[PDB]
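Residue numbers (the working numbering), protein chains in the order written: chain A, 1 to 182; chain B, 183 to 365.
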């Protein structure tokens, strides 16, 4: 709900976010650094994606799991493209973060450049996501809608996580930790 | 994109906005002062509205036109409710305002608690709206969507207008002038 948090989020999205269609749907995608981006795992990208309505070759992709194989609900993907992402790894937390006021930024064709104050973010930890045990989930309470994965959960100077699910009045992000990219 | 605009919009929506259904649609509704609120004219509220899923009687309704009868695309309505709105007439401008950074605030079942940076706001003036000549139109550029009408257009310390239309990459609001709410 804070002003600096919205202004940071708008700048982040304009500079690093894009709209991405895979064979599983339409998602917000956040560029991280170089040609590396992140999607919710269930975007399930293939060898090519549509990024801002343009076919882009995916030259590497890693679905993230922790040291004991547990799902983290994130996929990193390396794009074939000449433009590099602005390196935003300095905005990523070292460990699952909590905040009093966060902003969820959405950039899809259903929600074109939309920003939602979601209030407090909780390092909630374990969730079973429709059968799949999952870890490092951040939770927040707001009127959710379909087509919001993978919005970017942010605070002032902080890229906290990628929105990966939600229902009713509960949404959850996968913490976007800096050692995923180290 | 401007932070002060967002912080002001959040405070304003939190205190004075509600989600309203008429016979014709679902709308963001901003309360202005006392029991007076404002809707896009085409919301066409009847004797009773649904305000936050609750029936509220409409005491008075005034479709606004200028001194020569030209549609302003706004309806002011007075509600039968005991709670009073926070008086926000002090954040209305006296004539059509222009800003370099504005926010459009939506709260409907289709766009829950959503804020859109729309950038610069122009006093565009005259628009032919669905065959209806209309004046005091503010306009701004952003990827528009259906169901955003009634969105509240705001900048720092300013409730600029009520979103009443748009298409493509162009939206427009009816200016929310201070003198509409005298008495």
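Ideal placement from N, C-alpha and C gives every residue a C-beta, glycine not left out.
Starting from the Cα of residue i, find the closest Cα among the options and give me that residue.
{"i": "residue 205 (chain B)", "options": "B:192, B:230, B:361 and B:186", "result": "B:230"}
{"i": "residue 39 (chain A)", "options": "A:78, A:2 and A:10", "result": "A:78"}
{"i": "residue 168 (chain A)", "options": "A:139, A:154 and A:21", "result": "A:139"}
{"i": "residue 11 (chain A)", "options": "A:158, A:165, A:163 and A:36", "result": "A:158"}
{"i": "residue 288 (chain B)", "options": "B:278, B:202 and B:185", "result": "B:202"}
{"i": "residue 86 (chain A)", "options": "A:166, A:182, A:160 and A:17", "result": "A:17"}
{"i": "residue 293 (chain B)", "options": "B:344, B:359 and B:327", "result": "B:327"}
{"i": "residue 147 (chain A)", "options": "A:83, A:27 and A:160", "result": "A:27"}
{"i": "residue 173 (chain A)", "options": "A:129, A:182, A:179 and A:181", "result": "A:129"}
From the DSSP output, read off the bridge partner residues of residue i.
{"i": "residue 173 (chain A)", "result": "A:138 and A:163"}
{"i": "residue 236 (chain B)", "result": "B:233"}
{"i": "residue 60 (chain A)", "result": "A:78"}
{"i": "residue 65 (chain A)", "result": "A:71"}
{"i": "residue 34 (chain A)", "result": "A:85"}
{"i": "residue 25 (chain A)", "result": "A:22"}
{"i": "residue 193 (chain B)", "result": "None; residue 193 (chain B) has no bridge partner."}
{"i": "residue 17 (chain A)", "result": "A:30"}
Against chain B, does residue i count as a neighbour if the rule is that its beta carbon must be under 8 Å from one of theirs?
{"i": "residue 2 (chain A)", "result": "yes"}
{"i": "residue 10 (chain A)", "result": "yes"}
{"i": "residue 114 (chain A)", "result": "yes"}
{"i": "residue 172 (chain A)", "result": "no"}
{"i": "residue 213 (chain A)", "result": "Chain A is shown from 1 up to 182; residue 213 (chain A) falls before or after that span and cannot be answered."}
Compute the distance between the beta-carbons of residue i and residue j, then report whether it is under 8 Å.
{"i": "residue 308 (chain B)", "j": "residue 353 (chain B)", "result": "no"}
{"i": "residue 121 (chain A)", "j": "residue 153 (chain A)", "result": "yes"}
{"i": "residue 117 (chain A)", "j": "residue 1 (chain A)", "result": "yes"}
{"i": "residue 125 (chain B)", "j": "residue 317 (chain B)", "result": "With chain B represented from 183 up to 365, any question about residue 125 (chain B) goes unanswered, as that position is not in the structure."}
{"i": "residue 88 (chain A)", "j": "residue 33 (chain A)", "result": "yes"}
{"i": "residue 9 (chain A)", "j": "residue 150 (chain A)", "result": "no"}
{"i": "residue 188 (chain B)", "j": "residue 247 (chain B)", "result": "no"}
{"i": "residue 262 (chain B)", "j": "residue 281 (chain B)", "result": "no"}
{"i": "residue 114 (chain A)", "j": "residue 296 (chain B)", "result": "yes"}
For chain A, find out if any of its Cβ atoms is closer than 8 Å to the Cβ of residue i; answer yes or no.
{"i": "residue 262 (chain B)", "result": "no"}
{"i": "residue 322 (chain B)", "result": "no"}
{"i": "residue 276 (chain B)", "result": "no"}
{"i": "residue 197 (chain B)", "result": "no"}
{"i": "residue 209 (chain B)", "result": "no"}
{"i": "residue 227 (chain B)", "result": "no"}
Continuous beta strand (DSSP E) assignments of at least 3 residues falling wholly in the region 81 to 144 of chain A: DSSP assignment within the region 81 to 144 of chain A yields the following whole beta strand (DSSP E) runs of 3 residues or more, N-terminal first: 99 to 106, 114 to 129 and 132 to 141.
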